[PDB]
Every structure is written in structure tokens, then in C-alpha cells.
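Each chain is listed here by its residues.
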Amino acid sequence: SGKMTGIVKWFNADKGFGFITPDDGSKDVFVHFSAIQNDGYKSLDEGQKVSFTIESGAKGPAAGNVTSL
């Protein structure tokens, strides 16, 4: 797919958001808990490999369809 891969830079489980460092060296991408493929998870750990799509974000590039790798 047109899915980018990256690593979770940080994730604040109390606020439900964080950033992803894309593997292409481009700007960090905002991730909202609601963008995560749920299955009774919806949380992310610093350093986790993820796959996502880059989407139209309210303030910058946002991750959509976030999957664990």
C-alpha cells in the first residue's frame, strides 16, 4: 500500500497522542489514539515500529490507519 513505516518517538497515554518518526527522514507525524487499529489496544510504546498513512491533519501531517509492525 501507500503506507509509510516509522517508529513511535513518544506517546502520552494520558492525553492520547504522540509522534511518529517516519523512516523517510521527513517531519515527525502526529498520531491521535483514535487513528490506531484498536482491537482493545489503542496505546503505543516509545520505539515501536508502526505503519500508517499520512493524512490531512488539523495542524500538520497526521498518521491514519496505524498498525503495529
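The deposited coordinates derive from X-ray crystallography, with the record listing a resolution of 2.0 Å.

If you look the protein chain up in the PDB entry, it shows as MAJOR COLD-SHOCK PROTEIN 7.4 from Escherichia coli. Per the PDB header, the entry is named "CRYSTAL STRUCTURE OF CSPA, THE MAJOR COLD SHOCK PROTEIN OF ESCHERICHIA COLI". Regarding the protein chain, the relevant UniProt record gives this comment under Function: "Binds to and stimulates the transcription of the CCAAT-containing, cold-shock-inducible promoters of the H-NS and GyrA proteins. Also binds to the inverted repeat 5'-ATTGG-3'." Here the protein chain is described in UniProt, under the heading Subcellular location, as follows: "Cytoplasm".

Bringing the pairing of strand β4 (residues 49–55) into the picture now. Here strand β1 (residues 4–12) pairs with β4 via 4 bridges, running antiparallel. By the bridge assignment, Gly-6 is partnered in β4 with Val-50. Counting the residues in the hairpin turn of β4 and strand β5 (residues 62–68) gives 6 residues.

The next point concerns the pairing of β5. Where β4 meets β5, 5 bridges bridge the pair, whose relative direction is antiparallel. Its bridge partner being in β5, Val-50 is matched across the sheet by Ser-68.

Right, let's talk about the UniProt feature "domain: CSD" in the protein chain for a bit. With numbering matched to this structure, UniProt assigns "domain: CSD" to residues 6–66. Here residues 6–66 runs as 0% helix and 48% strand, with 10 Å between its end C-alpha atoms.

The rules behind the values
The residue numbers you see begin from 1 on each chain and track the sequence as written, which may not match the entry, and residues missing coordinates are not shown. To obtain the side-chain values, all non-hydrogen atoms of the structure were included, while hydrogens and water were left out. UniProt positions are given in the numbering used here, feature names are shortened, and annotations may be inferred rather than shown by experiment. Pairing between strands is defined by DSSP: at least two bridges between them are needed. A run of DSSP states H or I qualifies as a helix once it reaches four residues; a run of E qualifies as a strand once it reaches two. Both are numbered from the N-terminal end.

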